[PDB]
Each structure stands twice: as C-alpha cells, then as structure tokens.
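Every letter in the sequence shown is one number past the one before it in the entry's author numbering, and letter 67, counting from 1, is 67. All C-beta atoms in this analysis are idealised placements derived from N, C-alpha and C, irrespective of residue type, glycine included. Report on one structure; see the data block that follows.
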Amino acid sequence: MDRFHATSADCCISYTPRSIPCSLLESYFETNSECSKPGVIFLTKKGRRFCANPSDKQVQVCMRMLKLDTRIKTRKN
C-alpha cells in the first residue's frame, strides 16, 4: 500500500472490523474491478459507508436483504 497523496482513496484499503447487522445499513455496492484490491462497500443510513469482505457471513446475509431479488419478492421497502 503506497498511497502518499491526500487521503481520498478509491479501492478498499480497510474493512470495518465489526459484525454490523444488515438492518443497520441502507444499501451497498462493489468497488471497481480495476482496483488491485477490490471489495464490497456498505452504506449506512448515516451517510457513512465502509469496505467489507465478501467472505463475511454477515455480508452475504445482508446482501440477500438489500438485493432487489431477496428471494420470493416480498414487499418493496
């Protein structure tokens, strides 16, 4: 990690080390695959988003919730 320019990074350089629940989030997206170190970014309802590993069980359990498919299409929001 040789980032010596301001503090505005683009790829994932730190994953929130906390078992945050999906209900405590609003949406999420994937970083650019062009980034050597890609990852998932979860956005909270406090305008705060961080990086997250796709290997976390809480991450896959939250994606199935924010996903537009969910499972059998139940409600909307």
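Among the options, the one whose alpha carbon lies nearest that of residue i
i: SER27; options: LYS37, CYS62, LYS76; result: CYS62
i: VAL59; options: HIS5, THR74, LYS76, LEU24; result: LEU24
i: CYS12; options: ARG71, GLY39, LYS57, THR74; result: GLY39
i: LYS37; options: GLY47, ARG48, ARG49, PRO54; result: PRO54
Between the CA atoms of residue j and residue i - distance to the nearest angstrom
i: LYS45; j: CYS22; result: 11 Å
i: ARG18; j: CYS51; result: 11 Å
i: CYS35; j: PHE42; result: 17 Å
i: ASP2; j: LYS67; result: 34 Å
i: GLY47; j: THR16; result: 15 Å
i: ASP10; j: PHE29; result: 13 Å
i: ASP56; j: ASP69; result: 20 Å
**Item:** 4 or more residues per run - each alpha helix (DSSP H) lying fully within the stretch 17 to 68
**Value:** 57 to 66
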